[PDB]
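There are 4 protein chains.
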Amino acid sequence: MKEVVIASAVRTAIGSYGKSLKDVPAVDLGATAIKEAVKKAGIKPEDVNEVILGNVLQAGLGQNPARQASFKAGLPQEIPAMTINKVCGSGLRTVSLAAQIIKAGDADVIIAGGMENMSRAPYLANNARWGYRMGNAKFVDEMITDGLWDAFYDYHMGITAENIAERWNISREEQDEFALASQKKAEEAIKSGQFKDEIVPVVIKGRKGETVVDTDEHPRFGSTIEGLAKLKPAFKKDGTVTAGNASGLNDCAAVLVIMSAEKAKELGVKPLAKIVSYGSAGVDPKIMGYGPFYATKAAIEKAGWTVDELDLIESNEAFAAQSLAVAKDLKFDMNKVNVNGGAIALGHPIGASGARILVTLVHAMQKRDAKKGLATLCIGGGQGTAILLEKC
Amino acid sequence: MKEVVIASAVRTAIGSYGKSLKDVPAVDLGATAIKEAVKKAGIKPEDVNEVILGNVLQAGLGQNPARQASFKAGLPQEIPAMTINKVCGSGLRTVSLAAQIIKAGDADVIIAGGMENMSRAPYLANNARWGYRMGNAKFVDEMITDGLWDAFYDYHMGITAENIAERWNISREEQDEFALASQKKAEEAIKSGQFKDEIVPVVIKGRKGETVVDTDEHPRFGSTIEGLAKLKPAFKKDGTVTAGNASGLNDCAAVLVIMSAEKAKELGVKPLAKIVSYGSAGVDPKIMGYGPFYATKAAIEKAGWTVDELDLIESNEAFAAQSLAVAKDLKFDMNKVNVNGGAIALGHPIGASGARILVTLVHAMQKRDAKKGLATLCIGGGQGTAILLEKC
Amino acid sequence: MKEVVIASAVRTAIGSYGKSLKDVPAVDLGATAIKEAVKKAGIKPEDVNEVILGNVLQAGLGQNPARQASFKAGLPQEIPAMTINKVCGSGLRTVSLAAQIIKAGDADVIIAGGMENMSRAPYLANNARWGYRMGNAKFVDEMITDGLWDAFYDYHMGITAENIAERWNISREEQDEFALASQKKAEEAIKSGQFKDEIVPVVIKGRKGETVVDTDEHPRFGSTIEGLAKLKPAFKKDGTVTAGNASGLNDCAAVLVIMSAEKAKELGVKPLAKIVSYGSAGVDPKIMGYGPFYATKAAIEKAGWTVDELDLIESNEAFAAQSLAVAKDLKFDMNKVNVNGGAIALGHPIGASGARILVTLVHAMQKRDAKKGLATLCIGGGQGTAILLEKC
Amino acid sequence: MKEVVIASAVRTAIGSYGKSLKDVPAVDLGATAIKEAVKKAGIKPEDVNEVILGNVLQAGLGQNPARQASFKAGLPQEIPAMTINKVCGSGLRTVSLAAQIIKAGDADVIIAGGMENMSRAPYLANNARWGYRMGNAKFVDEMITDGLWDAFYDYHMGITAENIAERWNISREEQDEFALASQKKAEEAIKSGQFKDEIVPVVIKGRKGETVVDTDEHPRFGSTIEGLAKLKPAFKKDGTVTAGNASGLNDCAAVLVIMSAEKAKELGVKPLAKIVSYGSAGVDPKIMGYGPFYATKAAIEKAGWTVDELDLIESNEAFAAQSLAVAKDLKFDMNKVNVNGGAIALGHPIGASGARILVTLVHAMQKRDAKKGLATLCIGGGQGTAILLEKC
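Protein chains in written order, with PDB author numbering: chain A, 1 to 392; chain B, 1 to 392; chain B', 1 to 392; chain A', 1 to 392. A prime marks a further copy of an entry chain.
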């Protein structure tokens, strides 16, 4: 089939829950990013054949958020758009989906990625329409229900991390060390300017003030192992998982311009990387965190690669426990994993995370002259997704 | 480029607003349709590569409704699933998306379709999380907001219909005649058993009983022109659009098994039709209903067909005004359109409609010397999608 | 010490939950009752010194519901109004409060009574103002919370009834016989016209019609012991209390004009009865239903009367269990109690009940050689109030 | 009739909206105050015959808030309690109501006053019980609807202040000067310890911390006339009323122990003051602010006093405009009005305000050796209430 490339890859900074981006709707984050990704790719809005964006907390956002972001970004109305929901994997899945549409021969240029604003998720009244009749009811946290709660087992994603901790025998201490290393790498990457190429600033203008947001705010600078060790278990009594060793609730948008190699050549675009392969897989939801094992395996096999051939690795850090389990089984060289930091420090804006880690991977591969790169993440409901890139 | 075929095409009865399916979650309707579609295809669940389902009012449904439908159908958990939101076109787009993935070489068997339960849509409190602070606020109807309201023009889909009516000068009388023809064809189709093959009964587990739902309930048997003429305009004072000539709010699921011709020959599947081509298009959101014009023209062009050559046509009746305009412009033979009734009579469960009309198309084609078929529909946000089918 | 009399006593029909009065706000019911009570007293609105009305579910009713009732009745705005909340006893306490103010020398004419519309009670979001932050929360049923739940013991009023049943060993069978006697007396009373004098018809303004409500609708005509024996316990597994032997949720307004005997002689008013004495008492909230025992004993003591001397008794039937216990302890002649049915049959609109039973008492007294009457009721929170009447 | 006295008068500090007392329910404020008022009066809880407390935003507070405060304060369950709602006048009305019950001969010692927590008022869904059916609805601010919105004219209390400003021709400049003087007197009274006798501290203990609240937080220290003059109109375009010249949204509880003079003598209590007279009056709701004119007039006439005989005056400052109108018509000596400051600086916790200003008056009369004192306030819905005290 046609060769498929990434022409540009941009993301907004990742905001903290109810913090810096609390006033900026996901679709506005998405438009900011699309607009910058088009410019960076050096193509006209007119060259785009489709918009495919991830978004998980769609409640009250209005019809087709992806279509909304496309408009607000200045893209012509002629361009079709859809919104994808593969939970945590939505942002990454849109990129492989774009590669597939291109391969099928139906498009040359597709805007892919994801967007999410966890801070602005509504609460819900499920029986308002026909009435509650009598008795107290649940006022629902839509962010937990739609993005973080297992539909089948009736418990938080955090409990699937505990399940992995027990089954793979991953201690609280191990988990804390992993979390601390994530913090340290993020602080260094941030203070040394490693995300400057990737981040597109967000301008929020109020009745009087204008405020620019361009720095990832989730990371806790000067984190310590004693700091992590004092934390209480977040999800269960005597649990190993904490706020410290698990990723947070976050707001972000990350977008990539995807093109066929021939069309890039035509338009004078220098590609950042080729998409070599990808895959998705399902697992028992109670161990959803291990989804990347099978997705990474499938993708690597198709590629003809070996894990040891990989130069850089982005494995999303939803929970220390699942990332450790996955990293051990796949036999990762930890030195090549999440070099600029991971979700424990940077955050987890669900619909956009899979796109976020691929945007981070591509730019790191550029700056480090790394040739082969993997991006993979686990997905609530027991799924996994992955992509392999080879630098141009 | 592999040929893509439809192995089976199933749907539940279409429930009316707050009625027969009001207690059946969308994911359960999807699960019922999925189970029956796999059986009708005569395949093994473990040959299914992916589940791709349409669903628009995802609010409070939990993580990955497509995934829930898959799991509650008893499909193996190894199979990945994703939810698609393209509003009205979602159920049809999953089918074209499935063809694209097979054409890309990444799968041989995919479950596509859509599901929707409008009766169960919640209400939202958008500022519940960080507070309303002071002052009255909106208790939001999520069904309207995410399904039926334009995000850009801030008005109901009905006004997009009034816009086409005004622009094309389509009279109330014309609209009413079209609605009557839809109601007549639907009543005849239901009474003579035309939907018997396509519909999968839904069993509802009562407190100390069981009830079966297997009949479309939206149609108003015995509709008359005089009774339609008496209706007051629905969306605008002195408008032409009414409850009578516009589709309703409905609950349904429609699923199809999609396969490569090659895998179908290997499993000895007897395909219902070949997917010859497809298309999506974006238009001014203000005239969203005219989306099928460009989407249909694109697909037909790819096919090398003409409107003349079509034997059966399914054009969704979101509104009589937009259906009339599309039909006049595309020059359809009305005798070939919506032969068993359309959405004015049958209903419009948004996530599932694009799939529902494909189901209805393929089954109508099996009962006639109908070689060529077209399925097309308009999409809130200013889009259109279409598929062309050829009987096997 | 001036003598205090009742000049008139009126009430609306008692509506059942979500039925006939569901569209009539409590303040409108109050306004209807106020208007008729003033006319029946034959006084001029400008001789009224104060409005004092019972109302418990005030949530969202707007400022000063008593004031709204007064204004919508067409009473002069110069008249002050206040709303009283003593739960179940509110409507009766306004009457005693009125006697106290007249006895103090501060007024000659006061409108007293109560109003309630349980069908219209809202639901609440208690943390909407400053935010829920995260997590599912309760969507609160205000009717239950403000009207039927104990603030101290955290359980339903029904459990206070089970507590009395267990403590006094009042059997389900006893409770059921009492409920049947209430239903029988109510059916006979309604059919033979006993409530014709007391009830003021409520006119409801439909979309293109008018409907009149003038008949109590809670009673179940044709009630049988077998049908009551078959009911499942309402509040406790294996409990004695059921929907059958406990009162319902209802809508009503009951108003009385109260005057000094001296002002009545000056305006030539022919009084229905003299208020001889009254009492309120507090008890353990866990046995709230026994409040009438102490309240009745106190009032009787002040009067210099005995239970023997009473000719007619109105003891509110919030629950058969508590009515039985109060009656046994006070040694009532059951033939003299609730002669036209009680609240098991007629209903329990909380704000208005204490007033309703006074209305019913005075009108029953006018039809018999009933010289001495007692009105008493139990109050959630562990209280009782009582009034003693003597015919004029 | 019997002579009636105030034995003790305590209040919590007044908290600012969503500030210092946001975590302390009204009933808890009320209990803190009752407990201190009993101690200060030098009587046992056992000597109290009834609890009568004002509270306006009762929504979701559970049955009989007054009964709840009485319990939480340690008062025996035998003591009856009720909650009064006369809007702004509720707190003051309970005191005169107590005087009347005592005069009627039914009690010797009554706990009177009011309580309110505006910060904790819920939001409401009025059609949750039977359903909204379809369409956006209002998520209601219960604090505005129940305490600050005119039921009849459909506008904020602020608009009734504007109405007074226009009719009496009170300028924005006049209003600002009045507001500035209120701020200045409050700051001086606070910094000089004038409220030390009256305030009972509130201890809030969290999971870890304990925080004491004992200082009125509403006042803006160092206020200036330029500060006031820059403020925008709060309620209408080109309006005279601002946030600066109108009182705020506040939390407080104020309680008084009321006794007959004979019972005080019996128990060895030294009274703070005698209640000489009181009255309530109704006005056109559109000019509710002028209610104190007629209530003050009635009370003074009964007393046999003259305005010039008054030594101290507490006229509640809901709006500068209404207080100026009232003060002009009643010909007040401004030097004797709100000496320690008024509601513009101190706040307006509705159910408790009328009690708050009487607690302030009594203590000031003590410290200043003032002999005659007036307390009066306007009431939403067009009412007014007043009391006259003579020092013991």
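Beta carbons: idealized from backbone N, C-alpha and C, even for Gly.
Under a three-way DSSP split, which group does residue i fall into?
| i | result |
| --- | --- |
| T215(B') | coil |
| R129(A') | coil |
| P122(B) | coil |
| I344(B) | helix |
| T83(B) | strand |
| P45(A) | helix |
| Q383(A') | strand |
| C392(A') | coil |
| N163(A') | helix |
| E314(A) | strand |
| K372(A) | strand |
| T145(A) | helix |
| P25(A) | coil |
| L361(B') | helix |
| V38(B') | helix |
| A243(B') | coil |
Report the neighbours of residue i on chain B: residues whose CB is nearer than 9 Å to its CB, in chain order.
| i | result |
| --- | --- |
| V283(A) | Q77 and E78 |
Which chain A residues sit within Cβ distance under 7 Å of residue i?
| i | result |
| --- | --- |
| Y132(A') | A128 and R129 |
Any beta carbon from chain A within less than 8 Å of residue i's own beta carbon?
| i | result |
| --- | --- |
| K138(B') | yes |
| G60(B) | yes |
Just to check my reading of the structure: residue i and residue j have Cβ atoms closer than 8 Å, yes? What is that Cβ distance to the nearest angstrom?
| i | j | result |
| --- | --- | --- |
| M157(A) | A121(A) | Between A121(A) and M157(A) the Cβ distance is about 15 Å, and since that is not below 8 Å, they are no contact. |
| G373(A') | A254(A') | About 16 Å separates the two Cβ atoms, so there is no contact after all. |
| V38(A') | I79(A') | Not confirmed; about 11 Å, so no contact. |
| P219(B') | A186(B') | 5 Å |
| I102(B') | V4(B') | 5 Å |
| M82(B') | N64(A') | Incorrect: roughly 16 Å between the Cβ atoms, too far for contact. |
Give a yes or no on whether 8 Å exceeds the smallest Cβ distance from residue i to chain B.
| i | result |
| --- | --- |
| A73(B') | no |
| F332(A) | no |
Mind checking if residue i is an interface residue toward chain A', Cβ cutoff 8 Å exclusive?
| i | result |
| --- | --- |
| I84(B') | yes |
| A125(A) | yes |
| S16(B') | no |
Contact criterion: CB-CB distance below 8 Å. Does residue i meet it with respect to chain B'?
| i | result |
| --- | --- |
| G239(A) | no |
| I111(A') | no |
Please list, in chain order, the chain A' residues whose beta carbon lies closer than 9 Å to that of residue i.
| i | result |
| --- | --- |
| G135(B) | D141 and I144 |
Can you find the residues in the same chain that come closer than 7 Å, C-beta to C-beta, to residue i, ignoring five residues on each side of it along the sequence?
| i | result |
| --- | --- |
| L330(B) | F293, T296 and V307 |
| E116(A) | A26, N55, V56, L57, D251, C252, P349, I350, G351 and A352 |
| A161(A') | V241, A246, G289, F319, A321 and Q322 |
| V362(A') | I6, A9, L272, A273 and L389 |
| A345(A) | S182, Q183, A186, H218 and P219 |
| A151(A') | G381 |
Closer than 7 Å by beta-carbon distance: list the chain B' residues that pair up with residue i, in chain order.
| i | result |
| --- | --- |
| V87(A') | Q63 and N64 |
Under 7 Å between beta-carbons, which chain B residues line up against residue i? List them in chain order, please.
| i | result |
| --- | --- |
| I313(A) | By Cβ distance, chain B contributes nothing, its closest Cβ being about 22 Å from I313(A), past 7 Å. |
| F152(A) | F71 |
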